[PDB]
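Chains as they are written, first to last, in UniProt numbering: chain A, 15 to 49; chain B, 45 to 147; chain C, 77 to 152; chain D, 77 to 152; chain E, 99 to 195; chain F, 24 to 155; chain G, 98 to 145. See structure below.
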Ligand SMILES: Nc1ncnc2c1ncn2[C@@H]1O[C@H](COP(=O)(O)OP(=O)(O)OP(=O)(O)O)[C@@H](O)[C@H]1O
Ligand SMILES: [Mg+2]
């Protein structure tokens, strides 16, 4: 039987959690540099 | 029937794309950060905040030749007085949040 | 009122919606559920695909009608 | 396999590539052929400006198709 | 505002608010009331008749045919409440002060 | 090797276009691109010019997006004028004429794509009734 | 010649005053120890 995705989805979810917050760190930094 | 294993092609193609992309952004926020560090340097004039002001764009704001500073910033703008007794307008404040500045 | 959704993974979901909600809005709500980007999403009603600018009510989707949700690779 | 690119000078360039090649790998090959900094060069095809992480495969590109290369431009 | 390399006009601006007058305009935590000032209940009315009424009901004086006074001074020995009166008026009259 | 005799030929139309565009952006340093042909290794002709859209920094400008020029460079060939691009220009109002420390950088890649490239500069407020 | 005002703590930055030019935020050189620089004393400062 096939259930493959679940565990890797959790991994992707942690990555999502990182990636989204990392974009915040990006945006503010660029909002400084552009000034 | 057991069907539509396409998820796996969905899955791994996501995993790689995300994993590298995050790392690349991690690098750039690193690099751009040191860029900021070099603007600060050390000698700084001291001055007093005279004002805190709030202005809105022109009625028409074409692209072409247009200045991304004298218009189209949503935040405040400021006026400062230097120790050398000059007055300058600042259409953007810089590295400090206006929410904690007072005349 | 709610629709039902059946995924290729066998997951069943029970989403409260307005029938006047656009399919693109429903896909945005699904992304809100699980981050799944709407471009990857495909919605089928009773073997009919749902147009992005379509509502639900346009074929009168109501009352726990089970849409099939299919995931596809996409890229311009 | 092999692919072409052209630019506003009338110059054409030909690269040995594979569909698995990333856009950043393409940019690297372009610099290896001509030395241009990868951030001043920009690529266009199908009316879409490229991004680094995707690949020739997911860009749906086919044999000997011709990309457009264009340059960053600022005063200062 | 002038561009500092060529001095060509860029924008017009409103007038200054000199920071001393800003700090003068709204700095008062005091909150006393006319219940906290005993024994000069008539001078209070004598002052209120000048600052409060012609600010809000101006046609009466026009009918009688006069213009109200502009100002008054409070005087007397130390410690008789001269600042307390002004604190109370400031706390309990809606205006700019 | 390069020489001391190379000569640049410009048409009237490029002149009027450049003057008008530079004078309109009077407080700031506008941008544009110019096209023509190398008829030989001693002489270069510029035939026509078209403006470009920017977002302006206070000091200077950067070309906002290349899709615009990617369109233009084929949009007009349906009406002749098949020439390729040869250079670019920007205007200094009243400063004089020189290349800044970043203009040089921009010229670097133009030359790296084609070694014959040129840069042009104009002064729209000091030029009077002649001697542009 | 300048007159120091105060010293920001730990890794140090200083405030400088001169009687017609402006005030500044500055630091030291390698040849002066951070001990003998108490606030309220005239010091020597480079010109650039
Ligand atoms: N009539 C009064 N009723 C109540 N408290 C009073 C009265 N007069 C003075 N005080 C008290 O005096 C104290 C402060 O005095 P106040 O600020 O009024 O000084 P002042 O009379 O204006 O003096 P000065 O002329 O030196 O300014 C307070 O504790 C206040 O309660
Ligand atoms: Mg008093």
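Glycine residues also receive a C-beta, built at the ideal position from the N, C-alpha and C atoms.
Between which residues of its own chain and residue 48(F) is the CB-CB distance below 6 angstroms, once the five residues before and five after are set aside? The beta carbon of residue 48(F) lies closer than 6 angstroms to none in the same chain, with the five residues before and after it left out.
Taking 8 angstroms as the cut-off, does the segment 135-151 of chain C touch the segment 83-97 of chain D (at least 3 CB pairs, one atom from each stretch)? Per the Cβ contact rule, the segment 83-97 of chain D is not in contact with the segment 135-151 of chain C (fewer than 3 Cβ pairs under 8 angstroms).
At 7 angstroms on the CB atoms, spell out the chain A contacts of residue 85(C), in chain order. Chain A residues near residue 85(C): 19.
Would the segment 70-81 of chain B and the segment 102-116 of chain C be scored as touching if the rule is three or more Cβ pairs under 8 angstroms? No contact exists between the segment 70-81 of chain B and the segment 102-116 of chain C.
Report back the beta-carbon spacing between residue 84(F) and residue 106(F) to the nearest angstrom; my notes put them in contact at under 8 angstroms. At roughly 25 angstroms, the Cβ-Cβ gap does not stay under 8 angstroms, so residue 84(F) and residue 106(F) are not in contact.
Taking its Cβ as the centre, do 16 or more other Cβ atoms sit within 10 Å of residue 114(F), making it buried, or is it exposed? That one is buried.
Let's see if you can read the secondary structure: which residues bound the beta strand (DSSP E) around residue 125(B)? Per DSSP, the unbroken beta strand (DSSP E) holding residue 125(B) starts and ends at 122-126.
Proximal residues to residue 106(D) (C-beta, below 8 angstroms), its chain only, five neighbours per side dropped: Around residue 106(D): 81, 89, 91, 112, 114, 117 and 145.
Taking 6 angstroms as the cut-off, does the CB of residue 181(E) come closer than this to any heavy atom belonging to ligand 2? Yes, ligand 2 has a heavy atom inside 6 angstroms of this Cβ.
When burial is assigned at 16 or more other CB atoms within 10 Å of the CB, is residue 137(C) buried or exposed? Under this definition residue 137(C) is a buried residue.
Are the CB atoms of residue 139(G) and residue 100(G) within a distance shorter than 7 angstroms? Yes, these two residues count as a Cβ contact at 7 angstroms.
Nearest-angstrom Cα distance between residue 126(D) and residue 119(D)? If you take the alpha carbons of residue 126(D) and residue 119(D), they lie about 6 angstroms apart.
Judging by CA-CA distance, which residue of 138(B), 87(B), 121(B) and 65(B) is the nearest neighbour of residue 48(A)? Each of 138(B), 87(B), 121(B) and 65(B) was checked against the Cα of residue 48(A), and the nearest Cα belongs to 138(B).
Would DSSP call residue 64(B) helix, strand or coil? If DSSP states are grouped into helix, strand and coil, residue 64(B) belongs with the helices.
I want to know whether the segment 118-137 of chain E touches the segment 61-77 of chain F - three or more CB-CB distances under 8 angstroms. Too few Cβ pairs lie closer than 8 angstroms, so no.
Counting only beta-carbon atoms, is residue 122(G) nearer than 7 angstroms to chain B? Residue-level contact check: residue 122(G) touches chain B, since one or more beta carbons of chain B fall below 7 angstroms from its beta carbon.
Taking its Cβ as the centre, do 16 or more other Cβ atoms sit within 10 Å of residue 122(D), making it buried, or is it exposed? Exposed is the call here.
Contacting residues, own chain, Cβ-Cβ under 8 angstroms from residue 133(F) (five flanking each side not counted): Excluding sequence positions up to five before and after residue 133(F), its CB lies within less than 8 angstroms of the CB of 110, 111, 140 and 142, all in the same chain and listed in chain order.
Within 6 angstroms: the Cβ of residue 135(E) and any heavy atom of ligand 1? Yes; taking the cut-off as 6 angstroms, the Cβ of residue 135(E) has a heavy atom of ligand 1 nearer than that.
Which chain C residues are close to residue 124(D), counting only those with a beta carbon under 7 angstroms from its beta carbon? Neighbours of residue 124(D) on chain C, chain order: 152.
Buried or exposed, going by whether 16 or more other CB atoms sit within 10 Å of the CB of residue 111(G)? Classification of residue 111(G): buried, given that the 10 Å Cβ count is 16 or more.
Local conformation of residue 125(D) per DSSP, three classes: The DSSP-derived three-state label of residue 125(D) is strand.
Is residue 178(E) near ligand 1, with its Cβ less than 6 angstroms from a heavy atom? Indeed, a heavy atom of ligand 1 lies less than 6 angstroms from the Cβ.
Does DSSP put residue 188(E) in a helix, in a strand, or in coil? Secondary structure of residue 188(E) (DSSP, three-state): helix.
Compute the minimum distance between the beta carbon of residue 122(E) and the heavy atoms of ligand 3, and state whether it is under 6 angstroms. Questions concerning ligand 3 fall outside what the structure shown contains, since the ligands it does hold are ligand 1 and ligand 2.
Does the count of Cβ pairs from the segment 28-40 of chain F and the segment 53-71 of chain F closer than 8 angstroms reach three? Short answer: they touch.
From what residue to what residue does the beta strand (DSSP E) around residue 145(C) run? 142-147 is the span of the beta strand (DSSP E), which, as asked, contains residue 145(C).
Quick one: using the 10 Å Cβ neighbour count with 16 as the cut-off for buried, is residue 77(D) buried or exposed? Residue 77(D) should be labelled exposed.
Mind listing the chain B neighbours of residue 130(G)? Cutoff is C-beta to C-beta under 7 angstroms, in chain order. Those do not exist, as residue 130(G) stays about 19 angstroms from chain B at its closest Cβ, beyond 7 angstroms.
Say whether chain B places a C-beta atom closer than 7 angstroms to the C-beta of residue 48(F). At least one chain B Cβ lies under 7 angstroms of residue 48(F).
Under three-state DSSP, which class holds residue 115(E)? When secondary structure is reduced to three states using DSSP, residue 115(E) falls in the coil class, being assigned neither helix nor strand.
Neighbour flag for residue 53(F) against chain B, beta carbons, 7 angstroms: Contact with chain B is found for residue 53(F), since one of that chain's Cβ atoms lies less than 7 angstroms from the residue's Cβ.
Across the segment 130-140 of chain E and the segment 178-188 of chain E, are there enough close Cβ pairs to call them in contact, namely three or more that are closer than 8 angstroms? The segment 130-140 of chain E is in contact with the segment 178-188 of chain E.
Can you pull the chain B neighbours of residue 44(A), defined as C-beta to C-beta under 8 angstroms? The contacting residues are 76.
Enumerate in chain order the residues of its own chain whose CB-to-CB distance from residue 114(B) is below 7 angstroms, with the five nearest sequence positions on each side excluded. Answer for residue 114(B): 135, listed in chain order.
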